[PDB]
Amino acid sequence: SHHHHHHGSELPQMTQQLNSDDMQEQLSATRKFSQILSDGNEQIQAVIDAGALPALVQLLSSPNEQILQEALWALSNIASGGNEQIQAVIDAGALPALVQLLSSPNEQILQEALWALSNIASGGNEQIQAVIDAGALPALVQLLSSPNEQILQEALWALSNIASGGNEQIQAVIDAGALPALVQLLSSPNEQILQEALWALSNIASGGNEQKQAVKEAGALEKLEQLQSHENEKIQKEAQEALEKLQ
C-alpha cells in the first residue's frame, strides 16, 4: 500500500539544508532528522518497555478473528526491525503460536503468520534456529504444495530466509524434505515463484559439500542447465549464479 506524505511536511526543506553550503543549515537539519529518527525508535521501544509483547502473543490464541489478526500484525511489525526486536518477540513466546497458526483455515491469518516467521527468520543464526526448533519446517514444506499461489510465495520466502542461516540451519531445511518441492517449483508458470525458488536453492548452494550434493541429488543441475535459456533475462542471470556456486 502506497502513501503520500502530508502537505505540511518539513522533510523536503530539511533535505535541501543537508545539500546546501551553509553549514549552520547543515547542522540544523541533521539535528532535526536525528530527533525524528530518535522519536520514531523510542515510540517503538516504549511498546516493548510496556510489556505488550507477551500479552500480544496470548491474543494469538483468541477465538476472535479481529483481535488475533491485529495482534499478529503488531508482532510481525516488531519482528521486521533489528535483531534485538526479533529477540523480544521470540522471548515473549511467539514461535509456538505462530507455528500453530499455520494450520488456520483462514487464508488471511495463514499469510500473516508466514510473514511473521519470515521476519523472525531474517535475523541471526540462533534465532533462525529457534524458528527451526519450534517445528516451523514440517508445516512450511507441506505448504509448498498449496493451490493458493499467494500462500506458496510467502511460505517460500520463509524457507529462503531459513536457508540463509548457517550450514546446520540449511541442513535442517534439507532434512525437512524441502528440495523435491523446490526443484518442482522451477517448472512454475508464475515467474516470481521461480525466482524465489531459485534464490532459495541459491542460498542452500552457499553451504558446504553436503548441502551441494543434496541439491544435485534432487535433480537441480538438470533444471538450471535447461533453464539458463528462459524468456526473461534476470531469471537466467540468477540461474547462472545458482548453477555456478554448486561447483
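Numbering starts at 1 and runs along the sequence shown.
- Set 130-138 against 148-156 and average the Cα temperature factors; 148-156 ends up higher.
- When 17-25 is weighed against 234-242, 234-242 comes out higher, by mean CA B-factor as recorded in the entry.
- Of the candidates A46, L37, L60, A197, the deposited coordinates give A197 the top C-alpha B factor.
- Based on the entry's C-alpha B-factors, the most elevated value among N41, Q69, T30, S187 belongs to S187.
- Looking at the C-alpha B-factors along this chain, the one for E107 belongs to the highest third.
- Ranked within its chain, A50 lands in the lowest third, by CA B factor from the PDB record.
- Looking at the C-alpha B-factors along this chain, the one for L95 belongs to the lowest third.
- Sort the chain's modelled residues by C-alpha temperature factor and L56 lands in the lowest third, per the entry.
- When the modelled residues of the chain are ordered by C-alpha B-factor, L143 sits in the highest third.
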